[PDB]
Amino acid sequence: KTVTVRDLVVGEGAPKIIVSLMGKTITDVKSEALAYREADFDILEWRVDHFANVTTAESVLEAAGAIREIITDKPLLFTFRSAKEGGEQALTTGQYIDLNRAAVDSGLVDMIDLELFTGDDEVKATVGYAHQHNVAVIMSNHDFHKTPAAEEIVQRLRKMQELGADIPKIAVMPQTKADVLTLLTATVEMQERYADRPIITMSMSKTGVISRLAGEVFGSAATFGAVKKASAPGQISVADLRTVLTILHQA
C-alpha cells in the first residue's frame, strides 16, 4: 500500500527525496525556503526543533505559513525532533503534543512526525487527531549511538504500524560495517513480510550512506538529502542524491 500527499505517491517508483529546512528565526526560515526552491526535492521537512521560538504558537504558525507560501507545490512535513532522539531542544510531552496538534489544526502541513517513544496513549490520540484533519503521520525512532538487532528494529517498525503510523521511520547509527547490513536486513524483512504501508529507513553516517541510496531495491520509500547543511550525519547533497537515485531507477 502507498501514501499520497499533495499528489506525491509515496511507496511507488523511485524513493522520494526529503530535505530538512533548519531556520532559527522567521527571517532565516523565509530565506532558506526561497533558497530551497532551486533544489530538486520531493518533500520538505521543517525541522521545528531548530526554530528558536517553538513555544510561541503564533510564531510557529507564522513560519509554517511562510514556508507554505514559498513552497506551494511540495508536501510539507512538520517535525519537532526531540533532544532525546538527536534533536536541538526538549519540550515536555504536553508541549510536544500541543505543538503537533496545532500544526495539524493549521491546515498548513501535510504530514507530522511523531516519535514512537512519546507514549502510546499520546501517540494514539495524536495519530487519531491528525487523521481527522487529513494529515499523514510519519512515526519515527532514532538511535544516534548504535544499531539494534534486526529483530528489535522490526519490532519497533511493527509497533509503529500498530499505533496507526502512515509511514514508519527508523534511523540508526552503525558502529561497524555489519551494522549497515543489519539495518538493510530489517528493512527487507519489514517491507516483504509485515508492512502494509511504506516505510523509511536509514543507517546514518558516511558508513551507512548506501542505505540512503538503494531504497528502490531494499524497501525504503524515502531518503534525506542536504541542500547546504546536513540535518543528520551521512546525508549527501540533494544534487548527488538525485543523480544516484536516477542512475539506479534507470539502470
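Residue numbers here begin at 1 and follow the sequence given. Rigid core: the largest C-alpha set superposing within 1.5 Å between the two forms.
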Going by root mean square C-alpha distance after a core fit, say whether 164-172 or 88-96 is farther from the shown form in 5 other deposited structures of this protein. 88-96
Selected stretch [higher average CA B-factor]: 166-174 or 81-89: 81-89
Tell me which of 56-64 and 201-209 has the higher mean C-alpha B-factor in the deposited entry. 56-64
When the CA B-factors of 35, 222, 190, 43 are compared as recorded in the entry, which is the largest? 35
Split into thirds by Cα B-factor across the chain's modelled residues, where does residue 119 land: lowest, middle or highest? highest
Can you tell me which third, lowest, middle or highest, the CA B-factor of residue 145 falls into for its chain? highest
Divide the modelled residues of the chain into thirds by Cα B-factor and specify which third, lowest, middle or highest, holds residue 159. middle
Which third of the chain holds residue 128 when residues are ordered by C-alpha B factor: lowest, middle or highest? middle
Would you please rank residue 152 by its C-alpha temperature factor against the other modelled residues of its chain and give the third it falls in: lowest, middle or highest? middle
